[PDB]
Amino acid sequence: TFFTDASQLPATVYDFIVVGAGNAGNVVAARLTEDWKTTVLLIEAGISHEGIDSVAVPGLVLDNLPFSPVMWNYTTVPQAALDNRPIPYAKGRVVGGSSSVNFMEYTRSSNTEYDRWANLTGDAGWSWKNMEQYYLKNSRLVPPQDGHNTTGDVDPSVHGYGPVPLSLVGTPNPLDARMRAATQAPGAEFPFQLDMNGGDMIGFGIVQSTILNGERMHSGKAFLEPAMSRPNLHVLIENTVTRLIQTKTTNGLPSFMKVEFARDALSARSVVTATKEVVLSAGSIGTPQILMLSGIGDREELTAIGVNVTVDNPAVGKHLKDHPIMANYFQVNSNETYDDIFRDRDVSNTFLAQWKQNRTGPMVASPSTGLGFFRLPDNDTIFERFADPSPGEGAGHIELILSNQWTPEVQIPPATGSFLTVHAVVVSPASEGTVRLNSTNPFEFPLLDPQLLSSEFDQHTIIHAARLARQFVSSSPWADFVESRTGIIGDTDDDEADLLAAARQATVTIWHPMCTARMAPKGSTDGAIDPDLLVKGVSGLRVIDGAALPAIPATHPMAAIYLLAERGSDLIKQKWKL
Ligand SMILES: Cc1cc2nc3c(=O)[nH]c(=O)nc-3n(C[C@H](O)[C@H](O)[C@H](O)COP(=O)(O)OP(=O)(O)OC[C@H]3O[C@@H](n4cnc5c(N)ncnc54)[C@H](O)[C@@H]3O)c2cc1C
Ligand SMILES: COc1ccc(C(=O)O)cc1
């Protein structure tokens, strides 16, 4: 159990205040309290994860979308490159944050991802050489729930000892064997990847999910729950941080050591104080919104909104990156898909009962079976006009995600039939957008503009990815299984203009907003924070979450965020000699 009101807290002063009990924030709160002395208050806007089946049970993940108590739901402004469609945005609003509601897929990214962080920041502490220790500390490989033989599908030698457990799936599907046969063959057009967490992601690999004993092990399970028996950790839920309040100058810079919060817009505000640091872990949307409302951000833009600006930090809310996705649906000559589970609540409930009984069956599966990462050819024409937006070697421009059902996105499954989805993702997008305030009201929705598919690079690449999906399933292991294409993209012929017009209607965000208070070198205004994660122009304020990353990962970002939080935690311990 958690505190739900300020009046319950044992103190109003703490060594550290961490805002956001999410993917990163729970890492920070748990790591910092490991000495059993350092006091931390963790403040979270959302509800407890406890007792919620749609969080604990992997197979129920789609039930939280598009709208549920555990999810923050909003939409983008009209997206100019997507036929002016406003696109749904979701993020977690629960203990564990987005790790409690996400699709559980853990991919640390290529070695070159971390090397790129080093190059962008000028700080070799973010290089893979130095980051490998934080990967091994974060996660470990565990056996599949069903004890099936994973030989050839994972490499135990590239996994560590940490609290986040990764497993291959504990219930079978018809995709894995076809994926292996299509990709492991001599001369396969799409190669096989033994272990995408071993430094090179290129090829199709069997997904590795944050699931142990058939249960989702989100950051609230891996980090927070174990740490909550400590006397020096206190967790306040159901309270939104409204702004930071400026306190005394420290080292010649303004500090913001007071944290104001409230249960809701009509509730009386309370204030707590940190004596060492405030850490913002409110995510790529929440963290810039707090900074802006605190008067830390673009002076001109914030003044126009009526914020009293205290630190001109123009990168705040800029450089928003996200991954566009569009589904390629195929009807399949199979009765082994999960479509009946999605469509029929009685079916779902019966498999839920099996899960509650002995943690087996379809409910232990994540929403994907396999992930494939591919590069455009080096000698490809588009790189005349575009620099490589990827980390380089071992990272893709494109991801193809295999799902053993019609994954709902823009469209939901037809009432009849069995489906495969091959999702086309641009994992190295060139498009960039913003998060801005609408209002000085802290409870008002932000203005979200990812500029999805605005770059011609992203348009070209997502269309190319749709063609790759169709080519992937044309090989002989897929010949008896895939029967035809359907849905927006699938019904479209191969012509580029036709596919682009379809992409403008089928594309959505995968919900990986990133880089809105990003690291940059000291003296650069290309980012909001320094390479040590401390906010530029401020003393005592650190950002540890998706907002901090200087580039969007070329893959599912939960793991890179975990690793950033692992190192950030150590940077705090080092500075304060904990
Ligand atoms: C549906 C979905 C599926 C996804 N699937 C995957 C996948 O399979 N694999 C993967 O790698 N990534 C996936 N992602 C992305 C990944 O989950 C996120 O990029 C990552 O978890 C974000 O980490 P974070 O710590 O930056 O933010 P979050 O985990 O979102 O944490 C932010 C926390 O701060 C809280 N908060 C925000 N504002 C305030 C405030 N003002 N006051 C107090 N608290 C506040 C939030 O409620 C939340 O708990 C998915 C995302 C979603 C939404
Ligand atoms: C349908 O499969 C997936 C899996 C992961 C993600 C994601 O990382 O958001 C999206 C779709």
Side-chain angles (χ1 to χ4, degrees), residues 18-28 42-47 49 58 61-62 64-66 68 70-73 88-109 207-210 218-220 224 236-244 259-262 280-290 293 322-323 325 327 366-371 399 401-409 421-423 425 427 442-443 446 508-514 516-517 543-549 552-553 555-562 564-565:
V18 180
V19 181
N23 186 159
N26 286 340
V27 177
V28 178
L42 180 62
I43 311 178
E44 171 49 45
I47 62 170
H49 62 297
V61 64
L62 297 173
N64 298 314
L65 297 156
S68 59
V70 286
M71 196 77 75
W72 182 99
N73 64 105
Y89 248 95
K91 70 194 187 77
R93 187 176 192 278
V94 57
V95 171
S98 298
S99 77
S100 290
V101 297
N102 72 2
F103 295 167
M104 294 161 280
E105 317 306 19
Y106 189 107
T107 52
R108 62 154 178 109
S109 208
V207 72
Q208 301 168 25
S209 309
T210 58
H218 54 82
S219 79
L224 193 63
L236 176 65
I237 66 171
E238 293 182 5
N239 282 263
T240 297
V241 170
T242 53
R243 62 176 163 127
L244 306 182
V259 181
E260 183 188 78
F261 57 92
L280 298 183
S281 299
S284 293
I285 299 176
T287 286
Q289 186 164 19
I290 297 164
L293 291 160
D322 203 348
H323 292 134
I325 180 165
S366 80
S368 74
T369 63
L371 309 179
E399 183 186 8
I401 307 181
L402 309 179
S403 296
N404 183 39
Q405 68 190 133
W406 185 293
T407 311
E409 277 176 13
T421 307
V422 186
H423 306 262
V425 182
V427 289
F443 289 93
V508 292
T509 164
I510 210 173
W511 306 315
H512 299 169
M514 215 65 60
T516 54
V543 168
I544 306 183
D545 64 17
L549 281 63
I552 191 171
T555 188
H556 310 275
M558 162 176 60
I561 288 167
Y562 268 136
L564 182 124

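As a basis for the values below, the full set of heavy atoms in this structure was taken, side chains included, without hydrogen atoms, waters or symmetry mates. This chain uses plain numbering: 1 for the first residue, then up along the sequence. Just so you know, ligand 1 is whichever comes first in the structure, and atom 1 is the first atom listed for that ligand.
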At a 4.0 Å threshold, what atoms of ligand 2 neighbour a non-hydrogen atom of [X]?
X: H423; value: 1 (C)
X: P367; value: 1 (C), 2 (O)
X: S403; value: 1 (C), 2 (O)
X: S368; value: 2 (O)

Nearest-contact summary for [atom] - protein heavy atom, Å:
atom: atom 2 (O) of ligand 2; value: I401 CG2, 3.5 Å
atom: atom 51 (C) of ligand 1; value: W511 O, 3.5 Å
atom: atom 23 (O) of ligand 1; value: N23 CB, 3.1 Å
atom: atom 11 (C) of ligand 2; value: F103 CD1, 3.4 Å
atom: atom 18 (C) of ligand 1; value: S98 CB, 4.1 Å
atom: atom 47 (O) of ligand 1; value: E44 OE2, 2.6 Å
atom: atom 17 (O) of ligand 1; value: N102 ND2, 3.0 Å
atom: atom 53 (C) of ligand 1; value: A90 O, 3.5 Å
atom: atom 42 (N) of ligand 1; value: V241 N, 2.9 Å
atom: atom 5 (N) of ligand 1; value: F103 N, 3.0 Å

Atom pair CZ/CD1 of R243 and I290 - distance to nearest 0.5 Å: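 Reported value, rounded in 0.5 Å steps: 12.5 Å.
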
Interatomic distance, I510 atom CD1 to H556 atom NE2 [nearest 0.5 angstrom]: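 Rounded to the nearest 0.5 Å, the CD1-NE2 separation comes to 6.0 Å.
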
Is the shortest side-chain heavy-atom distance between [X] and [Y] below 4.5 Å?
X: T242; Y: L293; value: no
X: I544; Y: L564; value: yes
X: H512; Y: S284; value: no
X: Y89; Y: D322; value: yes
X: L244; Y: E260; value: no

Does any N or O of ligand 1 fall below 3.5 Å from an N or O anywhere on [X], backbone included?
X: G546; result: yes
X: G46; result: no
X: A24; result: yes

With a cut-off of 4.0 Å, which atoms of ligand 1 are near a heavy atom of [X]?
X: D545; answer: 26 (O)
X: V101; answer: 1 (C)
X: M558; answer: 10 (C), 11 (O), 12 (N)
X: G92; answer: 46 (C), 47 (O), 48 (C)
X: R93; answer: 47 (O)

Quick one: does [X]'s side chain have a donor or acceptor within less than 3.5 Å of a partner on [Y]'s backbone?
X: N239; Y: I237; value: yes
X: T210; Y: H218; value: no
X: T421; Y: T407; value: yes
X: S366; Y: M104; value: no
X: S281; Y: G20; value: no

Of the backbone atoms (N, CA, C, O) and the side-chain heavy atoms from C-beta on, which set of [X] has a member under 4.0 Å from an atom of ligand 1: side chain, backbone, both, or neither?
X: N239; answer: backbone
X: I285; answer: neither
X: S281; answer: backbone
X: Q289; answer: neither
X: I561; answer: side chain

For ligand 2, note which part of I510 has a heavy atom under 4.0 Å away: side chain, backbone, both or neither.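 Both of them.
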
List the steps and the verdict of side chain to side chain contact (heavy atoms under 4.5 Å, CB included) for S98 and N23. CA-CA 6 Å; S98 298; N23 186 159; 5.7 Å; no

Might you work through the side chain to side chain contact (heavy atoms under 4.5 Å, CB included) test for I561 and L549, ending with a clear yes or no? CA-CA 8 Å; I561 288 167; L549 281 63; 4.1 Å; yes

Identify which of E105, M514, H323 has a heavy atom lying nearest to atom 8 (O) of ligand 1.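 Selected option, by shortest heavy-atom distance: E105.
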
Option with minimal heavy-atom separation from atom 38 (N) of ligand 1, where the choices are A548, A282, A559, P553: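 Residue with the shortest heavy-atom distance to the ligand atom: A282.
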
How about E409 and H423: does a side-chain donor come under 3.5 Å of a side-chain acceptor?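 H423 and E409 do have a side-chain donor-acceptor pair below 3.5 Å.
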
I'd like to check whether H556 has a polar contact with ligand 2, where a contact means an N/O of the residue lying under 3.5 Å from an N/O of the ligand.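 Such a contact does occur with ligand 2.
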
Using a plain distance cutoff, I'd like to know if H512 has any nitrogen or oxygen under 3.5 Å from a nitrogen or oxygen of ligand 2.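 Between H512 and ligand 2, an N or O pair is found under 3.5 Å apart.
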
Which atom of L62 lies closest to which atom of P408, heavy atoms considered: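 Closest heavy-atom pair between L62 and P408: CD1-CD, 3.9 Å.
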
Test side chain to side chain contact (heavy atoms under 4.5 Å, CB included) on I285 and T516 and set out the steps. CA-CA 8 Å; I285 299 176; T516 54; over 6 Å; no

Would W511 and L65 satisfy side chain to side chain contact (heavy atoms under 4.5 Å, CB included), going step by step from the backbone distance to the final call? CA-CA 12 Å; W511 306 315; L65 297 156; 3.8 Å; yes

